[PDB]
Amino acid sequence: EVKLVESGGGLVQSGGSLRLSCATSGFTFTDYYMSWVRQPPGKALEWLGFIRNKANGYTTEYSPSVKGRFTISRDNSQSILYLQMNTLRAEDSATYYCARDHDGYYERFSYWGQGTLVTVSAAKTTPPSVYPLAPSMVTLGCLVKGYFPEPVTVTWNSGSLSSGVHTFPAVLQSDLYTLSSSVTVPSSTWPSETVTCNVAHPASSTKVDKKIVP
Amino acid sequence: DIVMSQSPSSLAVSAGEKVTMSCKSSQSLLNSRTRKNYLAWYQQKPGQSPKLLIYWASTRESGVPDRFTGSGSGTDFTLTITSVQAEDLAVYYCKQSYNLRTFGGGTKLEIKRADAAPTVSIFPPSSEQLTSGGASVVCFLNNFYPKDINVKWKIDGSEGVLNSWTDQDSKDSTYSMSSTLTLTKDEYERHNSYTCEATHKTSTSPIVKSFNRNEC
Ligand SMILES: C=CCO[C@]1(C(=O)O)C[C@@H](O)[C@@H](O)[C@@H]([C@H](O)CO[C@]2(C(=O)O)C=CC[C@@H]([C@H](O)CO)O2)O1
Ligand SMILES: [Mg+2]
Ligand SMILES: [Mg+2]
Ligand SMILES: [Zn+2]
Ligand SMILES: [Zn+2]
């Protein structure tokens, strides 16, 4: 099973540097070119560069938008891809993806990681306050208020409640994000059974369970 | 350089209809060596990573539904989706790999569905927030169509608000929207009735949900 998993994103100040990694498995790493592609929130994919396979000397190429400022490297022992980012600016704020690229035969990016979010800002890290939203069917929620930077993750009953869930996209107001999540279940099931929102904010290492109590 | 352009920017289609979208390159992507067009299509569902659909212009990746067909050659390419499904809600990107790689700007495919009234829920501030001197009142307008909707807040009968719409639902093609009114505790405590009123084209009657502080 092919896996790519980026790590290393989060908050960095303007002018600072940041290094992302992309752990891979399930395929002969050295047979493959690997690319990095970024995506600013709500915007298009942008190809950033690639590092070639063994057959091609593991040489690198870059979009002119980043050449001279970003560097791609690879660990061929451990099948890890790296992106070094220097002199970061506001416009570097984005989700970064690693993608498996050319093998000498196929023109395609077959697999893509989940992405890692980089924020370029002078704002401090602020953890969220998490509040319960309690009033045939019943709709409950959690309010995840006043945090920075993105992202947060919200699950319900450690992920066992997945249907009838949506999370409302975060809105930035006076330098902090707020979002909320809804969950709808049968009223015969709550409060008789437990409903809990699980909230994480990686930048502050915040982990919160909030039971919704009637 | 190689400039990739896509059209339309966005469109909406009803389940079961055909979707057509276009991708242009500033120069030919037909590689003379292999006689193939180095042009690939990717689908990006809301909050997901891009996923390969088609490459070499017309080669459908294994595991990708028959309803997706890529076509064209040289400077002009088309992605066709027949019998579109609800789950096909996504931004679709083309990408050249003839000289390094470059993505087009994407085409946002939305799904048209029958009009649906929202389900509205109002939530009073939690005691754990109130302890701290703030009071957020929250209203969910859940699972409605089309996207446009109006929310009004009334406090003791008369009209710090954050609104957020979800992406379209990949299963029922509805939208939801949250409205949050944030007050100080001192201000919250001066008034009794808190009301959010949703006006949607599904009814000439606003959907009104309310609570009174004395009833808490
Ligand atoms: C292995 C060489 C080139 O592959 C790339 C590259 O720049 O590394 C990557 C591919 O995705 C593709 O863009 C090719 C580009 O098509 C040039 O490849 C050919 C060609 O198609 O003409 C193929 C073989 C040899 C090569 C050059 O003639 C000498 O390296 O051209 O580039
Ligand atoms: Mg050079
Ligand atoms: Mg007043
Ligand atoms: Zn070179
Ligand atoms: Zn009053």
# chains A, B, ... in the order shown; residues from 1 in each chain; ligands from 1
>>> residues_near_ligand(ligand="ligand 1", cutoff="9 Å", atoms="only C-alpha atoms and all ligand atoms", output="list in words")
residues 33, 50, 51, 52, 53, 55, 56, 59, 60, 61, 101, 102, 103, 104, 105, 106, 107 and 108 of chain A; 31, 32, 33, 34, 38, 96, 97, 98, 99, 100 and 101 of chain B
>>> write_last_selection(atoms="N, CA, C and O atoms", output="tab-separated table (two decimals), in the first residue's frame")
chain	number	residue	atom	x	y	z
A	33	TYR	N	11.01	9.89	-9.43
A	33	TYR	CA	11.10	11.35	-9.23
A	33	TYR	C	10.06	11.60	-8.15
A	33	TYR	O	9.07	10.87	-8.08
A	50	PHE	N	10.98	19.29	-8.48
A	50	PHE	CA	11.14	17.86	-8.33
A	50	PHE	C	12.64	17.47	-8.06
A	50	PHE	O	13.56	18.29	-8.25
A	51	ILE	N	12.84	16.27	-7.53
A	51	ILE	CA	14.16	15.67	-7.47
A	51	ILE	C	14.01	14.39	-8.26
A	51	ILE	O	13.04	13.59	-8.07
A	52	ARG	N	14.95	14.20	-9.18
A	52	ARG	CA	14.90	13.05	-10.08
A	52	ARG	C	15.21	11.73	-9.39
A	52	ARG	O	15.61	11.72	-8.22
A	53	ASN	N	14.97	10.61	-10.11
A	53	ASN	CA	15.30	9.27	-9.61
A	53	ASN	C	16.79	8.93	-9.72
A	53	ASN	O	17.60	9.71	-10.23
A	55	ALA	N	18.39	6.76	-11.65
A	55	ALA	CA	18.77	6.70	-13.07
A	55	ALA	C	19.19	8.07	-13.63
A	55	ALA	O	19.96	8.16	-14.60
A	56	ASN	N	18.66	9.13	-13.02
A	56	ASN	CA	18.91	10.50	-13.46
A	56	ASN	C	19.72	11.33	-12.48
A	56	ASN	O	19.65	12.53	-12.46
A	59	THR	N	19.09	14.63	-9.65
A	59	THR	CA	19.21	16.07	-9.85
A	59	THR	C	17.87	16.77	-9.57
A	59	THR	O	16.82	16.13	-9.53
A	60	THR	N	17.93	18.08	-9.36
A	60	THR	CA	16.75	18.82	-8.94
A	60	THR	C	16.36	19.87	-9.98
A	60	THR	O	17.22	20.36	-10.72
A	61	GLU	N	15.07	20.23	-10.03
A	61	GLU	CA	14.62	21.38	-10.81
A	61	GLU	C	13.54	22.10	-10.01
A	61	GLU	O	12.84	21.45	-9.21
A	101	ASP	N	6.13	11.13	-8.57
A	101	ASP	CA	6.21	11.69	-9.93
A	101	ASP	C	6.77	10.59	-10.84
A	101	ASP	O	6.50	9.40	-10.61
A	102	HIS	N	7.57	10.99	-11.82
A	102	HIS	CA	8.03	10.16	-12.97
A	102	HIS	C	8.90	8.95	-12.59
A	102	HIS	O	9.78	9.08	-11.75
A	103	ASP	N	8.68	7.82	-13.28
A	103	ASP	CA	9.56	6.64	-13.12
A	103	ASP	C	10.36	6.34	-14.39
A	103	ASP	O	10.96	5.28	-14.50
A	104	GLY	N	10.31	7.25	-15.36
A	104	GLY	CA	10.98	7.06	-16.65
A	104	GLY	C	10.06	6.51	-17.72
A	104	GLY	O	10.44	6.45	-18.90
A	105	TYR	N	8.85	6.10	-17.31
A	105	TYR	CA	7.89	5.40	-18.19
A	105	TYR	C	6.55	6.14	-18.25
A	105	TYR	O	5.99	6.30	-19.33
A	106	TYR	N	6.04	6.55	-17.10
A	106	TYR	CA	4.70	7.11	-17.02
A	106	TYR	C	4.78	8.59	-16.71
A	106	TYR	O	5.56	9.02	-15.84
A	107	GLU	N	3.92	9.35	-17.40
A	107	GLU	CA	3.70	10.76	-17.11
A	107	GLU	C	2.47	10.93	-16.23
A	107	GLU	O	1.35	10.97	-16.72
A	108	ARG	N	2.71	10.99	-14.92
A	108	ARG	CA	1.63	11.05	-13.94
A	108	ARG	C	2.18	11.29	-12.51
A	108	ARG	O	3.30	10.92	-12.18
B	31	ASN	N	4.44	15.11	-27.23
B	31	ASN	CA	5.86	14.75	-27.17
B	31	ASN	C	6.18	13.96	-28.45
B	31	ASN	O	5.53	12.96	-28.72
B	32	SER	N	7.16	14.40	-29.23
B	32	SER	CA	7.40	13.77	-30.55
B	32	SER	C	8.06	12.40	-30.40
B	32	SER	O	7.97	11.55	-31.29
B	33	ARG	N	8.69	12.18	-29.25
B	33	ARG	CA	9.43	10.96	-28.96
B	33	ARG	C	8.50	9.78	-28.71
B	33	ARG	O	8.71	8.71	-29.28
B	34	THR	N	7.49	9.96	-27.87
B	34	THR	CA	6.55	8.90	-27.52
B	34	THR	C	5.19	9.10	-28.20
B	34	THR	O	4.32	8.25	-28.14
B	38	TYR	N	1.51	14.92	-22.86
B	38	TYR	CA	1.89	14.87	-21.45
B	38	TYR	C	0.96	15.78	-20.64
B	38	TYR	O	1.37	16.87	-20.22
B	96	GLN	N	0.35	19.88	-17.16
B	96	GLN	CA	1.32	19.46	-18.19
B	96	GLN	C	2.57	18.95	-17.54
B	96	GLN	O	2.97	19.42	-16.47
B	97	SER	N	3.22	17.98	-18.18
B	97	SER	CA	4.52	17.52	-17.71
B	97	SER	C	5.49	17.37	-18.89
B	97	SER	O	6.48	16.63	-18.82
B	98	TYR	N	5.15	18.04	-19.96
B	98	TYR	CA	6.04	18.20	-21.11
B	98	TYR	C	7.39	18.95	-20.81
B	98	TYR	O	8.47	18.59	-21.34
B	99	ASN	N	7.34	20.03	-20.03
B	99	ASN	CA	8.55	20.76	-19.64
B	99	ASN	C	8.38	21.15	-18.19
B	99	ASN	O	7.58	22.08	-17.90
B	100	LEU	N	9.11	20.46	-17.29
B	100	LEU	CA	8.83	20.51	-15.83
B	100	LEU	C	7.34	20.22	-15.64
B	100	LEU	O	6.82	19.37	-16.35
B	101	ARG	N	6.64	20.85	-14.67
B	101	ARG	CA	5.20	20.66	-14.59
B	101	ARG	C	4.53	21.98	-14.23
B	101	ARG	O	5.17	22.86	-13.64
>>> residues_around(residues="residue 201 in chain B", least_positions_apart="4", cutoff="12 Å", atoms="only C-alpha atoms", output="number ranges by chain")
B: 114-118, 144-150, 205-207
>>> write_last_selection(atoms="C-alpha atoms", output="compact mmCIF listing (two decimals), in the first residue's frame")
# COMPACT_ATOMS: atom_id res chain seq x y z
CA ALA B 114 -33.81 20.21 -5.57
CA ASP B 115 -34.36 23.21 -3.24
CA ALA B 116 -34.34 22.14 0.50
CA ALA B 117 -35.27 24.14 3.61
CA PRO B 118 -32.63 24.38 6.34
CA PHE B 144 -30.27 23.49 2.72
CA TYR B 145 -30.14 24.26 -1.05
CA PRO B 146 -29.40 26.63 -2.79
CA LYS B 147 -26.46 28.31 -0.99
CA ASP B 148 -27.91 31.81 -0.58
CA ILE B 149 -29.52 32.37 2.78
CA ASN B 150 -30.18 35.22 5.16
CA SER B 205 -41.93 32.39 6.25
CA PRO B 206 -38.56 32.80 8.07
CA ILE B 207 -37.62 29.85 10.27
>>> residues_near_ligand(ligand="ligand 2", cutoff="12 Å", atoms="only C-alpha atoms and all ligand atoms", output="PDB file with N, CA, C and O atoms, in the first residue's frame")
ATOM      1  N   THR A  59      19.090  14.635  -9.650  1.00  0.00           N
ATOM      2  CA  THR A  59      19.211  16.070  -9.851  1.00  0.00           C
ATOM      3  C   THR A  59      17.874  16.767  -9.574  1.00  0.00           C
ATOM      4  O   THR A  59      16.819  16.129  -9.530  1.00  0.00           O
ATOM      5  N   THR A  60      17.934  18.076  -9.359  1.00  0.00           N
ATOM      6  CA  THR A  60      16.752  18.816  -8.941  1.00  0.00           C
ATOM      7  C   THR A  60      16.364  19.870  -9.984  1.00  0.00           C
ATOM      8  O   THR A  60      17.218  20.358 -10.724  1.00  0.00           O
ATOM      9  N   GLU A  61      15.075  20.232 -10.032  1.00  0.00           N
ATOM     10  CA  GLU A  61      14.620  21.382 -10.810  1.00  0.00           C
ATOM     11  C   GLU A  61      13.545  22.097 -10.005  1.00  0.00           C
ATOM     12  O   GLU A  61      12.838  21.453  -9.210  1.00  0.00           O
ATOM     13  N   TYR A  62      13.380  23.395 -10.275  1.00  0.00           N
ATOM     14  CA  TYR A  62      12.480  24.266  -9.510  1.00  0.00           C
ATOM     15  C   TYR A  62      11.662  25.177 -10.422  1.00  0.00           C
ATOM     16  O   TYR A  62      12.148  25.620 -11.462  1.00  0.00           O
ATOM     17  N   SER A  63      10.417  25.461 -10.041  1.00  0.00           N
ATOM     18  CA  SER A  63       9.730  26.581 -10.662  1.00  0.00           C
ATOM     19  C   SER A  63      10.535  27.869 -10.435  1.00  0.00           C
ATOM     20  O   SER A  63      11.170  28.038  -9.408  1.00  0.00           O
ATOM     21  N   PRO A  64      10.499  28.793 -11.401  1.00  0.00           N
ATOM     22  CA  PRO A  64      11.120  30.104 -11.167  1.00  0.00           C
ATOM     23  C   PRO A  64      10.535  30.850  -9.976  1.00  0.00           C
ATOM     24  O   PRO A  64      11.186  31.717  -9.446  1.00  0.00           O
ATOM     25  N   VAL A  66      10.266  29.783  -7.060  1.00  0.00           N
ATOM     26  CA  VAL A  66      10.988  29.384  -5.843  1.00  0.00           C
ATOM     27  C   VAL A  66      12.487  29.065  -6.012  1.00  0.00           C
ATOM     28  O   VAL A  66      13.200  28.898  -5.033  1.00  0.00           O
ATOM     29  N   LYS A  67      12.970  29.032  -7.249  1.00  0.00           N
ATOM     30  CA  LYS A  67      14.356  28.681  -7.496  1.00  0.00           C
ATOM     31  C   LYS A  67      15.281  29.654  -6.801  1.00  0.00           C
ATOM     32  O   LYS A  67      15.117  30.884  -6.915  1.00  0.00           O
ATOM     33  N   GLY A  68      16.238  29.098  -6.061  1.00  0.00           N
ATOM     34  CA  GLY A  68      17.192  29.907  -5.294  1.00  0.00           C
ATOM     35  C   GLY A  68      16.826  30.051  -3.827  1.00  0.00           C
ATOM     36  O   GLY A  68      17.675  30.371  -2.990  1.00  0.00           O
ATOM     37  N   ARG A  69      15.558  29.799  -3.512  1.00  0.00           N
ATOM     38  CA  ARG A  69      15.035  30.003  -2.188  1.00  0.00           C
ATOM     39  C   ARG A  69      14.580  28.695  -1.524  1.00  0.00           C
ATOM     40  O   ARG A  69      14.679  28.571  -0.313  1.00  0.00           O
ATOM     41  N   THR A  71      14.930  24.343  -1.552  1.00  0.00           N
ATOM     42  CA  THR A  71      15.790  23.209  -1.936  1.00  0.00           C
ATOM     43  C   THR A  71      15.127  21.868  -1.630  1.00  0.00           C
ATOM     44  O   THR A  71      14.572  21.662  -0.537  1.00  0.00           O
TER      45      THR A  71
END
>>> select_by_dssp(residues="range 103-189 of chain A", states="strand (DSSP E or B)", output="ChimeraX atom specification")
/A:112,116-120,126,129-133,137-148,153-156,161,165-173,176-186
>>> residues_near_ligand(ligand="ligand 3", cutoff="9 Å", atoms="only C-alpha atoms and all ligand atoms", output="short mmCIF file (atom, residue, chain, number, x, y, z; two decimals) with C-alpha atoms, in the first residue's frame")
data_model
loop_
_atom_site.label_atom_id
_atom_site.label_comp_id
_atom_site.auth_asym_id
_atom_site.auth_seq_id
_atom_site.Cartn_x
_atom_site.Cartn_y
_atom_site.Cartn_z
CA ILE B 155 -32.36 40.36 21.01
CA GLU B 187 -24.29 42.77 27.65
CA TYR B 188 -25.78 39.20 27.40
CA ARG B 190 -29.17 42.74 30.06
CA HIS B 191 -31.61 41.03 27.76
#
>>> interface_residues(of="chain A", to="chain B", cutoff="9 Å", atoms="only C-alpha atoms", output="PyMOL selection string")
chain A and resi 43-50+61-63+97+106-115+129-135+139-141+143+166-171+173+178-182
>>> select_by_dssp(residues="chain A", states="helix (DSSP H, G or I)", output="list in words")
residues 29, 30, 31, 54, 55, 56, 90, 91, 92, 157, 158, 159, 202, 203 and 204 of chain A
>>> atom_distance(atom1="CA of residue 36 in chain A", atom2="CA of residue 72 in chain A")
8.4 Å
>>> closest_residue(among="A:152, A:81, A:137, A:176", to="residue 189 in chain A", atoms="only C-alpha atoms")
A:137
>>> residues_around(residues="range 68-78 of chain B", least_positions_apart="5", cutoff="8 Å", atoms="only C-alpha atoms", output="list in words")
residues 20, 21, 22, 23, 24, 25, 26, 27, 28, 29, 30, 37, 41, 53, 54, 57, 58, 59 and 60 of chain B
>>> closest_residue(among="A:76, A:204, A:119, A:153", to="residue 24 in chain A", atoms="only C-alpha atoms")
A:76
>>> closest_residue(among="B:130, B:196, B:86, B:111", to="residue 170 in chain B", atoms="only C-alpha atoms")
B:86
>>> residues_around(residues="residue 177 in chain A", least_positions_apart="4", cutoff="9 Å", atoms="only C-alpha atoms", output="list in words")
residues 128, 144, 145, 146, 147, 148, 149, 150, 170, 171, 172 and 173 of chain A
>>> write_last_selection(atoms="C-alpha atoms", output="PDB file, in the first residue's frame")
ATOM      1  CA  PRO A 128      -8.486  27.267  21.210  1.00  0.00           C
ATOM      2  CA  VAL A 144     -13.743  25.971  18.766  1.00  0.00           C
ATOM      3  CA  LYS A 145     -12.986  29.647  19.467  1.00  0.00           C
ATOM      4  CA  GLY A 146     -10.008  32.034  19.323  1.00  0.00           C
ATOM      5  CA  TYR A 147      -7.021  30.044  18.035  1.00  0.00           C
ATOM      6  CA  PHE A 148      -4.032  30.603  15.777  1.00  0.00           C
ATOM      7  CA  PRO A 149      -2.686  29.305  13.429  1.00  0.00           C
ATOM      8  CA  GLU A 150      -4.764  26.815  11.451  1.00  0.00           C
ATOM      9  CA  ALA A 170     -12.769  28.592  10.237  1.00  0.00           C
ATOM     10  CA  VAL A 171     -13.266  32.368  10.067  1.00  0.00           C
ATOM     11  CA  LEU A 172     -10.458  34.798  10.934  1.00  0.00           C
ATOM     12  CA  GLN A 173     -11.548  37.727  13.062  1.00  0.00           C
TER      13      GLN A 173
END
>>> atom_distance(atom1="CA of residue 87 in chain B", atom2="CA of residue 62 in chain B")
18.1 Å
